[PDB]
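This report refers to the structure that appears directly beneath it.
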Number of protein chains: 2
Amino acid sequence: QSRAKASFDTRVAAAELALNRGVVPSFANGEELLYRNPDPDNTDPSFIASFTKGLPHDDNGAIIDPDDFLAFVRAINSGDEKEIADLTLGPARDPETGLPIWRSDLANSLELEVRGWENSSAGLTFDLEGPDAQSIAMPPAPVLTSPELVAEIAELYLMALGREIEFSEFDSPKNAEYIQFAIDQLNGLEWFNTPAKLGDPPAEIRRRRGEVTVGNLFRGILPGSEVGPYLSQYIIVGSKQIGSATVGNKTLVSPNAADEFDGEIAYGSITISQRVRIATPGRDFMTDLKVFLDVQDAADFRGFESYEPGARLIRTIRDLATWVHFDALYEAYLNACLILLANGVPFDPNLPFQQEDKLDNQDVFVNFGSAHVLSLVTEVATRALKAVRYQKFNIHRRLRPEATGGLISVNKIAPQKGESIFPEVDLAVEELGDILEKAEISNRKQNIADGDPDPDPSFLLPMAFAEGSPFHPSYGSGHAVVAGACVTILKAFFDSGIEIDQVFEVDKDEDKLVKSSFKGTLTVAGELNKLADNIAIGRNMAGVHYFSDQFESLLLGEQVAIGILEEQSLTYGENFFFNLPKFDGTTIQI
Amino acid sequence: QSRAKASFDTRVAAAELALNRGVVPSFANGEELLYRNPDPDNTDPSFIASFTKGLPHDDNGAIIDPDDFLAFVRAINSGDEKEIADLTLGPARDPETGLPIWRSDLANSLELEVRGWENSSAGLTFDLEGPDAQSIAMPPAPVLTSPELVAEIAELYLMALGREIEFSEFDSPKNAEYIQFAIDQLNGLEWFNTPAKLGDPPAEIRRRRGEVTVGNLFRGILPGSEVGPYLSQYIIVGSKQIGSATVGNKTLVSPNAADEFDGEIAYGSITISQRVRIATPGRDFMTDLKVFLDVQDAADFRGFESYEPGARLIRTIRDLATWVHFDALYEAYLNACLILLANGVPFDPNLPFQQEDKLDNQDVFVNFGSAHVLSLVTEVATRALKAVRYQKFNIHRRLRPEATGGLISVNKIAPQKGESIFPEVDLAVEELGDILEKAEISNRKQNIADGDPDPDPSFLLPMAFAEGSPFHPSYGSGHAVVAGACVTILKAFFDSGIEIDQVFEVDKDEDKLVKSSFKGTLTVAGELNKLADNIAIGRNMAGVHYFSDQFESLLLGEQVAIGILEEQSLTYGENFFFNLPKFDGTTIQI
Ligand SMILES: [Ca+2]
Ligand SMILES: [Ca+2]
């Protein structure tokens with residue numbers, strides 16, 4: 001047949017394959033319509049559990065008009081630019097200047113404008129590769145009354161309180177008090193001490209975590225993230241630099257060979273420094289109710305974060321939060337791919353032409369080579385993002401962990417002021433009494449530092465970012481969907497079972513890599529899973545994402561990547577497959 | 001209709017759109033079968049102008065067995081792994097050790113093995129996005145006897161002879177002798193002084209260059225590649241760093257703000273250093289006939305290049321050659337995109353939601369935002385690479401500039417040894433007289449430095465890389481095709497018309513960025529075209545690609561990107577288009 005018709009039939013075959021996977025229905029937790037206005041004479045939904053950021057809020061963090069959220073959902077579903085623009089974004093605007101009237105003095109003095117919902121209808125966008133954004137689904141988000149939400153927001157609060165704690169010193173006695181406090185608080189929660197019961201949803205059982213120890217504290221559940229040092233090699237260590245190649249019987253050493261152990265990735269002929277910008281230690285955001293409410297009302301606080309001069313390898317929890325703050329979509333995975341290519345980590349042996357050229361007479365760059373994996377790991381990200389945008393906006397609309405912390409803080413302040421509000425987060429408030437007390441101390445210190453001499457007792461989740469979360473619902477996680485997709489691509493493409501001989505950690509005292517005390521072995525698959533978990537949990541340590549968004553959008557991204565790979569496999573005439581170890585421990589051949 | 005059915009129909013509509021542009025026939029120059037065996041009693045084609053690298057060669061750089069190249073072509077056209085592996089790659093192997101017997105002492109002492117053709121059938125690979133690898137065409141490559149090839153190889157030889165000369169000092173008196181010699185040599189060539197005649201193919205007229213001046217010496221013909229400093233901003237300058245954002249009426253300044261002018265790109269929360277690894281100055285490769293013939297016989301010299309400690313911003317021509325040596329496929333363009341994003345260069349105003357969020361109520365990250373352009377600029381690369389691989393292997397199979405230099409050198413040595421061979425490059429040998437004399441001086445110096453006390457007079461094209469060119473035909477250029485595709489993506493996505501207020505050059509004396517003396521204005525489109533120019537001509541400055549491969553691969557890549565964008569536009573329900581200034585000077589709306 002003709003080459004043009006052959007290409008058309010290949011594309012139609014890939015589209016038919018995407019069709020044949022079917023559309024997995026997407027089920028929400030029911031919190032959108034479950035919780036109503038606490039007013040005895042108002043039956044409208046409160047939408048407190050829904051992502052209502054941008055829509056005007058009352059002083060308690062609840063929507064003023066549920067019609068605002070209903071129109072927001074209508075705009076999400078329609079996708080029309082005019083209808084999205086017709087949405088009420090932000091608070092009432094000042095008649096004189098046209099600027100929104102902010103509740104906090106900080107946002108008013110800054111003359112902050114509103115920030116819009118980032119791609120409220122990207123889930124309606126179609127894709128020419130991979131599953132449709134709406135074809136694959138995410139399980140229902142944890143409900144606020146669930147012990148899973150309690151454990152999630154507890155992990156978020158402990159991550160916020162431990163943002164200055166260095167990863168290499170999780171086991172160190174200098175952080176022992178806080179680490180043991182967090183471990184014993186999480187292990188005091190039903191979600192961590194009590195196992196899943198028979199009849200729980202498969203996703204609920206699968207994402208349920210066991211006893212929290214120092215070895216898995218603030219860690220993931222993907223295989224290989226809990227094994228070894230906390231941070232992935234690909235986020236801290238560099239790569240074999242230019243000049244360190246093997247030429248026949250002679251091995252040349254790069255004059256810059258120390259850059260591999262200085263956290264410098266050979267980015268072609270230039271270098272990528274793994275060192276992250278140092279966000280100001282101890283500076284948390286949205287710890288005051290007025291600033292938090294302004295952020296809920298779309299206060300564009302983006303870029304307001306202060307940073308220390310220079311850069312360093314990720315050591316503190318805040319360092320990982322900063323890393324996941326600005327990463328260029330596929331940054332972590334593209335960097336992992338660059339490390340694996342420069343380190344000469346072999347591709348999947350089931351790829352063609354991966355032998356020595358004495359045997360196959362064929363090197364691999366465009367297909368089954370460097371360029372192929374570099375392009376796949378980067379193109380999977382936007383389609384996983386479209387899928388997660390569908391999950392965020394059209395299906396779940398889960399409130400951000402900042403919004404949960406706001407509900408929790410208002411609920412905890414209400415008895416102090418004599419009322420009772422947000423009984424939905426009553427379980428969260430009671431089960432995290434000590435965590436919330438530590439958070440209140442931290443928020444008092446921050447609000448004194450912010451400028452309030454006598455700050456109102458605030459139990460808001462401290463935010464690593466001034467704007468807090470990105471302006472979309474928490475469930476699922478875009479960074480974690482890109483994590484799943486890109487790490488899935490890399491594991492399928494590279495020989496993911498290859499063990500990493502040299503395992504590094506960030507030095508506890510200095511800003512350099514040290515050989516990890518980990519006496520076990522780390523695989524490429526294990527460290528890629530660790531990198532995906534690192535980015536995802538770094539989103540958690542920013543206060544912008546719960547753990548379920550993380551893990552279920554990691555699964556969703558893995559599904560998106562599997563679909564993309566399955567469709568692109570129809571385009572290569574070579575006899576081959578991708579040996580892909582999935583996040584459940586199974587290996588699929590694509 | 002069903003969302004799954006809508007996704008299927010969108011993908012099938014994109015495939016129909018790709019099918020409807022048609023398959024542009026790909027015409028070769030006829031060089032493959034034009035030149036025959038110089039033997040009086042052998043009528044077989046010599047394939048001297050064909051890419052025969054890897055197949056065994058005689059002492060003159062011609063193929064030993066024409067059936068070898070014919071089987072290579074059959075394997076290219078079939079794509080079968082067994083047929084590719086059955087190809088004879090390299091010279092006769094040693095019966096005892098199994099290692100190939102190399103003509104040069106260097107490759108034998110190094111015990112080099114053969115390196116295989118990289119993706120000899122990647123053009124047979126289909127694409128779910130964009131034009132098919134065989135749907136678009138390049139014009140026939142210039143023939144060896146053409147004055148265009150004479151000008152190309154003269155430019156290559158002058159670039160090799162000028163590899164240690166800094167870009168900021170093209171006009172400087174210290175390099176004035178060489179620059180004027182190159183200008184007068186090129187302007188003495190028919191392709192540069194005589195304009196295109198009526199009846200020439202439109203591609204020849206379009207790619208014909210006029211008078212060579214110091215302002216366009218070793219420059220491109222893309223719009224904006226001739227105005228301003230030689231190097232693009234995006235290949236030398238950094239980007240606005242983390243912390244230098246605008247928050248309402250307050251402008252925060254990054255504590256690392258100097259990194260923008262120190263050649264550091266804000267790569268998320270970590271940094272990309274624009275400084276390139278310093279290749280050894282004056283160390284040229286494949287300057288001896290025996291080493292050149294071994295490289296033609298697939299001597300795997302990859303990684304044999306020596307480098308200086310540290311890194312520097314691209315100053316010398318060898319620096320640009322080194323930069324394009326290892327660049328990770330879309331690295332230049334991804335870096336340009338990262339600079340444009342960090343510098344806050346606005347996207348195309350015709351993209352939706354690009355207004356202030358007070359008006360549209362919608363930020364753009366996944367769609368029409370940072371993630372969208374970052375993913376497009378990287379997925380376009382592999383599609384353009386498949387198209388260019390088709391052009392290289394299945395259509396043109398153009399010999400590399402190293403192979404042209406080998407034919408020229410053998411032709412210029414034959415009268416000195418009383419013989420006559422390769423009258424195809426007779427015009428190049430005659431016209432490149434002074435250039436070939438300087439190249440002979442440089443090659444004799446290098447081969448003395450290599451280890452030959454009295455080296456045979458060699459007129460080979462000096463190569464920046466030990467392996468020389470990659471194992472694919474020169475026409476077209478993979479780096480140039482990725483440049484065209486990705487720079488086209490960036491111009492369509494970003495507001496490419498925005499002028500760059502601050503224009504920088506690498507300091508003539510120091511390794512730092514200095515304000516350019518350029519009193520004109522550089523646009524984003526102009527500097528992106530300049531970046532594609534810089535990558536493509538740095539491939540020329542490596543000795544691995546001619547100028548025609550470069551320009552036509554840039555055009556082809558722009559076609560690839562236009563096709564990909566046209567099919568992506570079928571996936572977005574938003575009312576918008578990409579304002580894309582093509583390399584033609586025209587703007588298409590996608
Ligand atoms: Ca191979
Ligand atoms: Ca906007």
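Note that ligands are numbered from 1 as they come in the structure, with each ligand's atoms numbered from 1 the same way. Just so you know, these numbers use all the heavy atoms, side chains as well, and skip hydrogens, waters and symmetry mates. Within every chain, numbering begins at 1; the chains are lettered A, B, ... in the order of the sequence lines, protein sequences first and strands thereafter.
Legend: protein N/O/S atoms lying under 3.0 Å from the Ca ion (ligand 2), waters omitted, number 6.
Remark: B:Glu113 engages B:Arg93 in a salt bridge, criterion side-chain N to carboxylate O under 4.0 Å. Ion pairing between a basic and an acidic side chain is recognised when a charged N comes within 4.0 Å of a carboxylate O; B:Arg302 and A:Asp363 show such pairing.
A distance-only check finds a donor-acceptor pair linking the side chain of B:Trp117 to the backbone of B:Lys53 [under 3.5 Å]. The closest donor-acceptor contact from the side chain of A:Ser469 to the backbone of A:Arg400 lies at 3.5 Å or more, if one exists at all.
A tilted orientation is assigned to the rings of A:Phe347 and A:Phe494, their planes being inclined by 30° to 60°.
Side-chain contact check for B:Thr52 and B:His57: at least one donor-acceptor pair (N or O, by modelled atom type) lies under 3.5 Å.
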